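Residue numbers (PDB author numbering), protein chains in the order written: chain A, 11 to 246, 250 to 373; chain L, 11 to 246, 250 to 373; chain B, 11 to 246, 250 to 373. Down below is the structure, laid out as structure tokens.
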Amino acid sequence: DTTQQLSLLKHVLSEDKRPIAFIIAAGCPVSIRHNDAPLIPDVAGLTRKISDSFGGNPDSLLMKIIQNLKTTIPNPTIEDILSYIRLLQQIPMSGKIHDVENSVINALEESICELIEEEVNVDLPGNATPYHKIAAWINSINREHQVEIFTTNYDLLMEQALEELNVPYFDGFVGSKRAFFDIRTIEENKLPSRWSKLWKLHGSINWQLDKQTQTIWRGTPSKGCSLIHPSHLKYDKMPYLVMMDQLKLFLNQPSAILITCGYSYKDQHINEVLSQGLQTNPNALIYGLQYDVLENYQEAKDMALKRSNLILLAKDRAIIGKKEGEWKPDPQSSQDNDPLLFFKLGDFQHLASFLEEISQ
Amino acid sequence: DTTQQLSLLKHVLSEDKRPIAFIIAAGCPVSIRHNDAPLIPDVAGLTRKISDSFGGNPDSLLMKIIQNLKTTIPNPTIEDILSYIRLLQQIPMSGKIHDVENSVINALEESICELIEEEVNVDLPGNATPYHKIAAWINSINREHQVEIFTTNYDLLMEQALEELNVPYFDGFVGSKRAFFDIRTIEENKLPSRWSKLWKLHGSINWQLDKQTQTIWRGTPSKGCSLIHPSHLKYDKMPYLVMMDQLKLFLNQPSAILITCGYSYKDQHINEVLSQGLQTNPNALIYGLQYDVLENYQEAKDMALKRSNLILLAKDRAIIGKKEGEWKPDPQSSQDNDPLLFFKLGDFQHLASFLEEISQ
Amino acid sequence: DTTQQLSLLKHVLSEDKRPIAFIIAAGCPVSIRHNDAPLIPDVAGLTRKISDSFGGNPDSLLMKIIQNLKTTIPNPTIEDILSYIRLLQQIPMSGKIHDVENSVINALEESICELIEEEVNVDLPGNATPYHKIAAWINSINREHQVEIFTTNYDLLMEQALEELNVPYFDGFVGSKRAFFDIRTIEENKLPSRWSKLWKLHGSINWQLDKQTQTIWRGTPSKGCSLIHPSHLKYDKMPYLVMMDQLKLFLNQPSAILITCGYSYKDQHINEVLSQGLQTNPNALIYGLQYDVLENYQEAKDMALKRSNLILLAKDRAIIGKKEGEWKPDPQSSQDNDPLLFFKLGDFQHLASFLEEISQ
């Protein structure tokens, strides 16, 4: 199954007549090796580090909230904790749910945001990182269709990699000193065809909000960025709907393609927008790739079984057009002991090698 | 003479079929009143403040250099002083010219740059400033030709005014974290027709240089900007030639227009590029306006008498097509005492009022 | 490797639908044999003969300047010496750097000018010189695209060769008595398609300057030509920017070609303009050829490794599209002793033989 899918991917990517996109999740930042440690400890790390940072003391309100969510949510996460805290702040919650903190919940969320900001505020080391290889592939060949990138992460790795290799891009904001969120140019969609486009669905660490005019602007990361929101904020002083609209509008073009790397399909809104756009445009494709074993992804299998133009691929088996297939007999592992048929090419580093090979 | 020039300027500006530009000099920042004091004391102020800052002591090197320049330059200028200092730094000047400072000339220029940064690093107060009126005029009516702005100033007033009123623009750099100087898109010249363009010929306070790769990028104003240069730097790690080329290339459009506000035509390179472009394209026009009396500008008179399509205007008289005319008899001043015929409409505040009147 | 590259060069040159250019450096004038001595002693000669002309006396200013430059420049050259002297002249250098020469620096640079002028003021002997063969090739076949020549030299050999074989050309100046530098026609670019174009980037020996109007004109070589400047002169009374711009503008034509003969890529500005134009237009090609061994050219190897459309060729190895290859096994030398694989065609005389063979 390796040769056929590899060749098909090569042919589909080599053509310059089709739109291309990416979705970048925590797998991409974690795939970078540093001091034999993860560069960013992903969502699970960002949860356990907060849990240990406030300690195991039951007097801590954050532990109380975590165990409260354990009753309803089997595996609560930082996104759920943040949304829960924001809801609790949204109404005058002076009751027993907030009996521990009459007003210290604001301090708790402030500390959580500051610690996340400090943890994800790093930079790309060297020039051998996979992001540099991806940008090299992007600017290697001029194509009549722009290459877009959708990011669910908070780090600025992709921007830095695109800047170092001198690839222009437009991320929504226009300006120099404290750039505003320009709306009209987003829907005009008449930027130079040579530009890329980098949409940040989940926000970023440098987005900030000024309450005096209740307007957002991207500047430099200061202490406490108020648009860290994992898609949980006010109504449309909010760019989230616009970025989702852009994803949808992209999906509806003819012969559209998309690739997800590091995505686990554990977000409801992303999943339903992908499904709805994939239904409205039968020509749309999603070549989802999972580095983990497929058995951990029931949501991905469900989505793949509900639609025929979603070539979901995994480490062990594959789902090609509502039919599930496993790895055919090939000498993937030379060693006789444990002859596991694993798709080692689904990891981000291997993907970057693949793109570099295509480009050269 | 008031009605004819006012009406014809109204007609030429009201049309949307012609390119328009501006040149913005120190007259525009000084025209702002603050505490009954100038917001920025202009080049003369930025010279006297440095002169008094090091005191009257003749043992100091800066006043030594100033009096050295007095022998050759009748009225030395901070531009000339900076160029002279940089030039002295270019070669191992251990001689009597630099006998006072074997190596302290670097500290002297560092202090000059730091004080310039501190003094020109301010912001627009309120929403009644003329820059806001200009931006309101720019975005008031959509025009098929983009409106450019060339400025030789160091302050970021124009950027702030344009982005507060939601006006997109492109100043050469493309990016988010540390935007690089993108070159190709500058000469492609296929940006969206709705965008303005803001070119900074003399550099800015936020431009910075990384000597590790000898590449420039625009970031945030930090401790000492290495692109403070009033057009005196290295060869083509330097964007000055590109912005000059952009002015020239603009001048060659058919039916092109240009307006200079606060410019005294005291810079030779700008003057020669204006003259050469005006000669190559007879359709080009320059409606240069001077706030001061005409007698103070010999260079402007020379250029106006040299070319036929340079409709130069002043406070007292005017030069329209190589012929000089004075103010016709009109009741400009109601008072019998001192019936001075002065074109008070040439001031920047009055100009902003005129633009607002045209827009409404 | 000989046959394939020779055939490919024959095919690319034989086509008449592509622009062609040349770059001529000191290798071409030195390749002429005269009295078993070099016709022009190249930059090394123009340095060492000046050094010996003023003698080894340490009291001389020129020897002091050379030893001063040795501290910063490991191998100072006549270009560097001239630039340093002009730079010292630019400011009232009455200090210890010029203590020996209160005003003798002007005399030193003068004497240098007349000496180099006398040394490079010669003529083509006979009709068997390679320049005659090149001109014969140029006018042998009518081509729809003009053949340009860029010269970094000061000699008038190429003009004489083109005149003798009746080949028209335009070198920028238009006129008969004191031909002025016409600017408009340069950028109109509507000369007759049969004309060649000869651009002099580094100036030439017959250019002169009149200080009364501060305008340049080409006349006859008189006592002291004020435009021998190797690209170190005043701002845009200076045609250097125009000729460099012409090189750049040429590089942007589709399917453009270029050949450098005798160039060592030792000039920063030419190198960066070549790199930038080669980057902007991937269709641009540079078939740089070196008569010397490639191991002496780190700059050329760097440039070739940074771009993919620069088929750099040398005497021993070759760099074809960012990949380095060496000479394949062939009986290049019949003698068993020292079977060195050397590309004898890289010398100018052999190149002229190749061109005339192609033409016939």
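Don't be surprised by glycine CBs; every beta carbon is placed ideally from N, CA and C.
Residue(s) in a DSSP beta bridge with residue i
i                 : result
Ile33 of chain L  : L:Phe160 and L:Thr273
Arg228 of chain L : L:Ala189 and L:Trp217
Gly338 of chain L : L:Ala331
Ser206 of chain L : L:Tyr179
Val184 of chain L : L:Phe190
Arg28 of chain A  : Paired residues: none, contrary to the question.
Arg43 of chain B  : B:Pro48
Contact belief for residue i with residue j at Cβ below 8 angstroms, rounded distance in angstroms
i                 : j                 : result
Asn149 of chain A : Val177 of chain A : 5 angstroms
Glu169 of chain L : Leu134 of chain L : Not quite, the Cβ-Cβ distance comes to about 10 angstroms (not below 8 angstroms), so this is no contact.
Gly290 of chain A : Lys261 of chain A : 5 angstroms
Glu124 of chain A : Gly234 of chain A : 6 angstroms
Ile215 of chain L : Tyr164 of chain L : 5 angstroms
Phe367 of chain L : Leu358 of chain L : 7 angstroms
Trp147 of chain A : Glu369 of chain A : 7 angstroms
Through-space distance from residue j to residue i, alpha-carbon basis
i                 : j                 : result
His363 of chain A : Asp343 of chain B : 41 angstroms
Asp26 of chain B  : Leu254 of chain A : 57 angstroms
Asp46 of chain A  : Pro39 of chain A  : 14 angstroms
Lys210 of chain L : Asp11 of chain A  : 57 angstroms
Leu237 of chain L : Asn131 of chain A : 28 angstroms
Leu166 of chain L : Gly213 of chain L : 11 angstroms
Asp109 of chain B : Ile126 of chain B : 26 angstroms
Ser268 of chain B : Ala54 of chain L  : 53 angstroms
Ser41 of chain L  : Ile272 of chain L : 17 angstroms
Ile159 of chain A : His44 of chain L  : 47 angstroms
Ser24 of chain B  : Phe263 of chain B : 20 angstroms
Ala297 of chain A : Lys314 of chain A : 18 angstroms
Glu285 of chain L : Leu98 of chain B  : 26 angstroms
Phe361 of chain L : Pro29 of chain L  : 21 angstroms
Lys106 of chain A : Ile60 of chain A  : 23 angstroms
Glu197 of chain A : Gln373 of chain L : 28 angstroms
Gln14 of chain A  : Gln303 of chain A : 18 angstroms
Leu219 of chain L : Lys250 of chain L : 8 angstroms
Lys20 of chain B  : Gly182 of chain A : 51 angstroms
Assigned secondary structure, residue i (DSSP; H/G/I helix, E/B strand, else coil)
i                      : result
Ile151 of chain A      : coil
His242 of chain L      : coil
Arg320 of chain B      : coil
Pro48 of chain B       : strand
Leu364 of chain L      : helix
residue 249 of chain L : The structure shown gives no position for residue 249 of chain L: in chain L, residue numbering passes from 246 to 250 with nothing in between.
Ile299 of chain A      : strand
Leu291 of chain L      : helix
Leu326 of chain A      : strand
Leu353 of chain L      : coil
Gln77 of chain A       : helix
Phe263 of chain L      : helix
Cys38 of chain L       : helix
residue 249 of chain A : A gap in chain A, from 246 straight to 250, means residue 249 of chain A has no coordinates in the model shown.
At a cut of 8 angstroms, does the stretch 19 to 35 of chain L reach the stretch 266 to 276 of chain L through at least three beta carbon pairs?
yes
Between the stretch 322 to 330 of chain B and the stretch 343 to 353 of chain L, do three or more beta carbon pairs fall short of 8 angstroms?
no
Given 8 angstroms as the limit, is there contact between the stretch 220 to 228 of chain B and the stretch 182 to 197 of chain B, that is, 3 or more CB pairs closer than that?
yes
Could you tell me whether the stretch 301 to 312 of chain L touches the stretch 65 to 79 of chain L, where touching means 3 or more Cβ pairs closer than 8 angstroms?
no
For the stretch 80 to 87 of chain B against the stretch 81 to 95 of chain L, are there 3 or more C-beta pairs whose distance is under 8 angstroms?
no
Report yes or no: do three or more beta-carbon pairs, one from the stretch 193 to 208 of chain A and one from the stretch 235 to 243 of chain A, lie closer than 8 angstroms?
no
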